[PDB]
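Novice: Quick one, structure for this:
(chains A, B, C, D, E, F, G, H, I and J)
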Amino acid sequence: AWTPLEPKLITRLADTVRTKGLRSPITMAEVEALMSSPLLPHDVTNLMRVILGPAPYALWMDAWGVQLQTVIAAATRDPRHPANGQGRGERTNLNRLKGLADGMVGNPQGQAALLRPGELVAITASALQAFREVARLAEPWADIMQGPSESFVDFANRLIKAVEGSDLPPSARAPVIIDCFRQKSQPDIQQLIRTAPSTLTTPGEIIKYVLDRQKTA
Amino acid sequence: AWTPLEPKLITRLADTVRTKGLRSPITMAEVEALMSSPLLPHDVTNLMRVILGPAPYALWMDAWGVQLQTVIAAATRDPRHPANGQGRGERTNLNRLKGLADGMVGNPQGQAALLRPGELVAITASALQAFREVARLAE
Amino acid sequence: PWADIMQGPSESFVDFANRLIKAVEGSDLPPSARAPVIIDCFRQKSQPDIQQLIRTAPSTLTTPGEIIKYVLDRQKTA
Amino acid sequence: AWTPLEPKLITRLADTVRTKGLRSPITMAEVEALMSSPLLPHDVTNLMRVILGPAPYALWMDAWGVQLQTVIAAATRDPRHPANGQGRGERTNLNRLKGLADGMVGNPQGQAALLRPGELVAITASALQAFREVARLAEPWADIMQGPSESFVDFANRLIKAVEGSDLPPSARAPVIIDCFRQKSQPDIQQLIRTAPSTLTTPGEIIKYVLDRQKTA
Amino acid sequence: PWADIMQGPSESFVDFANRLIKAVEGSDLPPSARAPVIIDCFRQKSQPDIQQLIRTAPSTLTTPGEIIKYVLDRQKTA
Amino acid sequence: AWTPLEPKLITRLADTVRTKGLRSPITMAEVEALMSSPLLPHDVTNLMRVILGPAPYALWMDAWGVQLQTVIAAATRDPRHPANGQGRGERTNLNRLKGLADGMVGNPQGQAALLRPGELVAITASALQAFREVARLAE
Amino acid sequence: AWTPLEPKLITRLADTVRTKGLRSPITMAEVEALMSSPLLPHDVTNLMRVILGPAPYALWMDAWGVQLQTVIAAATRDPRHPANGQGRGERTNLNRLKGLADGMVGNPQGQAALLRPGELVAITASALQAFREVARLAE
Amino acid sequence: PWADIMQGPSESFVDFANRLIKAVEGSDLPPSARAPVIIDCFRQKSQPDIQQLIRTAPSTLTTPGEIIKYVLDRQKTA
Amino acid sequence: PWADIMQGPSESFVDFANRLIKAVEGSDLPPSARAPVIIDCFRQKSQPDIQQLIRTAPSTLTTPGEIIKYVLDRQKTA
Amino acid sequence: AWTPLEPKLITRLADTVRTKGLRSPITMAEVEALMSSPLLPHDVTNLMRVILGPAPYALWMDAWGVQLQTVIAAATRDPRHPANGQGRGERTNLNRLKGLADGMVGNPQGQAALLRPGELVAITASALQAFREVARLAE
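Specialist: Residues are numbered from 1 along each chain as shown, chains lettered A, B, ... in the order given. Now the structure:
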């Protein structure tokens, strides 16, 4: 049996997206919260229709389709998908994932009837990844310098923000943040990091060291 | 079954940290309040992601790892840890504490399924001590 | 009126796209005529820098979402 | 039977190291060339004594010892090392690797007699890695800008050199080179790359595009 | 003579293209050598504003008609 | 047998294009008039050479090629094209449409010999659409 | 059995490229000289790594990939390629041409073992054409 | 003479180390007395910036190679 | 009074340490509170050159004797 | 039975350290003189408290602890230490060396009762080496 999400929670989430934006960690946490139980295509579609504006909604439809297509390629690459079955008669078409299949168009009850739990969780993960892509797309690290009067924690916050909210792979953020701490961060802190008797191999360790030995002023 | 923390409480706590700072006794009291029920690694990780800035979040990840490593050393020093079991097959690895083990990465439901209550309270106490360290360090 | 919408000299492109899609979808056009009109309004409105940016598209853009994505990628940061 | 390396090749390699330096790719290629056949500890030791100065030679002795110690730790962690044997009587001590064991000190003939081919190749790989470490140590990408009068191929050469000869992981060089092409490379080329109707996802493709559409001047 | 044709300081681009194509096609060149010559004369004649406009073409123009279309699109209205 | 168009009509049409322009409805009507009987590639090519200036003629050659390529794509998408035949040996190549095929280059008589009426009407419609495109583009 | 090229010849060729440039006829003659025996992907890759700067090396990798792709298209267009075999099990993938296939990555001995002489000569001709393209492009 | 070697105000550290190790190893000292002398000459020569850099070493450096590596890591880039 | 002791601009560090340890041990503090107080007074008194010298200690100093030894090693000879 | 050192000798040694310094050979000779009979931890501790200033005394406590720890490592590396016994019940802990063990804290008589002569000579040699280290370090 299908139960809709509370319009109160949806209104609160919409106002959160309206004030904080799409990319804030609080907004992503709230979306993860409302993305806890496996949702039917109807639920996610209406949710994104309500919380997102028109242009972000178009972008999100595109991204969701692309991610679902990647999922269906992986599904035809492995007959053991939790959305698939063992025989060929349970193969899952994109009409069944997007809610376009027979007996599902516009009807959430029938949707909940015919859909598999693996189908639901795959749709949900796809929608979450698409939301992440669109949020990263809707709103330069190598141009960030520590100002002459700026403190170091503000500079570190700004730099980590710009590096993590960029187009770099996830495995290339820490080395870039370290090497930007070393070459930016005006020459007093540059020499402070250079003359480190220990080897600092993490942005957190560099931040701790600099905060300990910084010139109080 | 996993239930997320209210984004309203999280928003209020984030604004508290924003105005009062990390070290005020009211902020530590609020953190203790939102640290009442044993949280899953997913919950604490997202909470610190939201309430802390980028650099304090990096520092907190470091400190949390160190404290969890101390906990795991004490656990291998005593087979009667509320996170451990009696046999060797229940020994708790850091992948299970940080939420990196199999069946847990990114999934809070599976996390809540496989985790022990002793595991949860140990993770929670470790995160609280790490928050205290980072707060004492930032200012 | 959708046919009177221009991208202001100082307006960003996402605001212009929002306003245009709003006015086109909330109008008297048939549902099957909104996407071509939105595309052809992106091409002829949207002041000549973005006009030339869309014109010199090595790929063929056949959807408002694709045009928006392309323009957001290659736009002149300012 | 031990055969020494030609002093003519060694003299040419020494002059190469003297003019080009320790870190040039031509120098590393020449070292790889003279590091082709498995060398005895005597050979590599004398080679580094001749081609390297005193201080780089001290650094190289240190690094070679450390790498050989890592090798011996891996050897005691696996009894199937091509330097080891099956029984415990064939376990290889560092005195046998550094040429300090009995019947080997100062005598290359006896050295070649008692040493294993696996021992030789392990010593050789260790010495090569130590040479790489010392070369990287003896002599900043995020500070590289394209000068107002500099051409683009010179800027690209300098940037790729400084990025590949740095402390970044191998999987983080291409994204960094791309994002440095985009943010450095003074605003004419910045706008030229920004308004690319195609998506450029490789430094070579960016270089080709810019060379095609650059402002001839 | 085709190799002596320059775009005057005040002349428009369509007049220059007409004159150049006329002089190149009504000359002693083989038929298979007219298009490359017309292109390379568009690139080296056609005073430096249009020269830089053709140089900084994100797409590769491989036909006199395509070059003419591109220049007519992105030309400096004056 | 090939019969050329009157140079008097062509001169009048050229002066019409010279005074009224390319886009006037009277000019398009006159072009439709002189585009009544199916013309051979030689006829249309010389007609556009005479009535159009050099730069519009280059643009028109480009547009005509593009439209003929679309026609040939539709032809390979349907073996029942009035230019095609039933077997594969009657498939129409662009060398036969542009008049570049064997036995046609520069010779209008041989052109009229080997060409099909469907070929002629397709070439004519393509040339008309290309003229419309260039006229809309020039001004 | 794989034998490496002399570092003396490679050093002389690198200095030739450094003083004369990429496009001089003497440089192309020297490259043709060092391109006489069919080289393994390892050999050509290291050779271009040493003689070319970073940016020309990136350009050359691009051009070499494109030319090898054209070769593989011609190979799937003709089952009688000296790199191909008669059955479908000998069809040559780009991982085998670029040296990325199984048993070849980083190992020149295994490379020389599994590669065909037709494969080697095709790789060599592709690399030579790519060098010509990059030399014509750089200056 | 090894005991007269000083690091010049403008000289780099690797040149000074090369010169010092050369003069110490090509001298009349016993082989077992070269490393301690090289270390104690690194510490007392090698103008006071590097002197303080070696003095404030959280680790104990017991080899000329280790001292050279440490100084090359933490040296003042200039 | 121990909490009023500062290292003078011209005073050496061993004299300051002697005076501070004297005043702290000859005071009303419990015996278990003297070492932490002496350490935290070394860190906050002892004019900013030595303050920064103690701050940038690659090792953790957890005893007044260790702090004194470290400072005496790495002090600015003057 | 414990007999204290003469305060006259201690006063003379303190004035020697005050005028000649810590490193003079006469001072080291005087210390060796007053370090002739094996002293109890109480004796050496009070002696260094009197003759050394506060900061050298802190340094000396550190160095004495380190040297005693090296001694205890050598003792656990050899069960035939003159401070150790044959069985495991005579193993000497650092609380017994520094005078911190049970029945010894603050009482020199009980100290002299329970301590071994090997313990006394090891403590004495450790204290002498620590004094040498601190003297070499202070100036």
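Novice: tell me which element the spatially most central residue of chain A falls in.
Specialist: Centroid check for chain A by C-alpha atoms, centre = their mean gives residue A:132 as the closest residue, at 3.3 Å. If you go by DSSP states H and E, residue A:132 is part of helix A:117-138.
Novice: Can you name the next helix or strand after that helix?
Specialist: Counting by DSSP H and E, the element after helix A:117-138 in chain order, helix or strand, is helix A:152-164.
Novice: Spell out which parts of chain A neighbour chain D.
Specialist: Those residues of chain A that sit near chain D, judged by C-beta under 8 Å from any C-beta of the partner chain, are A:140-143, A:166-169, A:171-172, A:175-176, A:179-180, A:182-184. (Each C-beta comes from the backbone N, C-alpha and C, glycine too.)
Novice: Are any of those residues buried, and if so which?
Specialist: Among the residues of chain A next to chain D, those classed as buried by 16 or more other C-beta atoms under 10 Å in any protein chain shown are A:141-142, A:166, A:168, A:172, A:175-176, A:179-180, A:182, A:184.
Novice: which residues touch the closest residue in space to residue A:121 that isn't next to it in sequence?
Specialist: For residue A:121, ignoring the flanking residues on the chain, the nearest one in space by C-beta to C-beta, 6 or more residues apart in numbering or on different chains is residue A:38 at 5.0 Å. By C-beta atoms under 8 Å, 6 or more residues apart in numbering or on different chains, the contact set of residue A:38 is A:117, A:120-121, A:123-124.
Novice: Residue A:112 against residue A:4, yeah?
Specialist: No: counting by C-beta atoms under 8 Å, residue A:112 does not reach residue A:4; the two are 11.2 Å apart.
Novice: Which of these two has more residues huddled nearby?
Specialist: More crowded of residue A:112 and residue A:4, by other C-beta atoms under 10 Å in any protein chain shown: residue A:112, with 16 against 11.
Novice: ok, and for stretch A:186-194, which residues are buried?
Specialist: Buried residues in stretch A:186-194, counted by 16+ other C-beta under 10 Å: A:189-190, A:192-193.
Novice: Do any residues in that stretch lie close to chain H?
Specialist: Yes: contact check for stretch A:186-194 against chain H, using C-beta under 8 Å from any C-beta: residues in range are A:191, A:194.
Novice: before we move on, back to that, against residue D:148, how distant is the residue nearest to residue A:121?
Specialist: Between residue A:38 and residue D:148 the distance, using C-beta to C-beta, to the nearest Å, works out to 58 Å.
Novice: now swap in residue A:51 and tell me
Specialist: Going from residue A:51 to residue D:148 by C-beta to C-beta gives 48 Å.
Novice: how about the nearest residue to residue A:113, chain neighbours excluded?
Specialist: For residue A:113, ignoring the flanking residues on the chain, the nearest one in space by C-beta to C-beta, 6+ apart is residue A:103 at 7.8 Å.
Novice: Check the secondary structure at the one you found for me.
Specialist: coil (DSSP: H, G, I helix; E, B strand; the rest coil).
Novice: which residue packs closest to whichever residue of chain A sits closest to chain J, ignoring adjacent ones?
Specialist: Closest approach of chain A to chain J (C-beta to the nearest C-beta) occurs at residue A:197, with a separation of 19.5 Å. Closest residue to residue A:197 apart from its sequence neighbours, by C-beta to C-beta, 6+ apart: residue I:58 at 3.0 Å.
Novice: What residue spans form the domains of chain A?
Specialist: Chain A breaks down by CATH domains of a matching chain into domains covering A:1-138, A:141-213.
Novice: gap between the two ends of the longest one?
Specialist: Right, domain A:1-138. 36 Å (C-alpha to C-alpha, to the nearest Å).
Novice: In stretch A:83-99, which of the residues would be classed as buried?
Specialist: Of the residues in stretch A:83-99, those scored as buried under the neighbour-count criterion (16+ other C-beta under 10 Å) are A:83-84, A:92, A:96-99.
Novice: isn't residue A:93 right next to residue A:99, touching?
Specialist: No: if you go by C-beta under 8 Å, residue A:93 and residue A:99 don't touch, sitting 11.5 Å apart.
Novice: quick one on the thing from earlier: what residues are up against the residue of chain A closest to chain J?
Specialist: H:56-59, H:74, I:58-59.
Novice: Identify the farthest-apart pair in these.
Specialist: The two members of these with the most space between them (C-beta to C-beta) are H:74 and I:59, at 15.3 Å.
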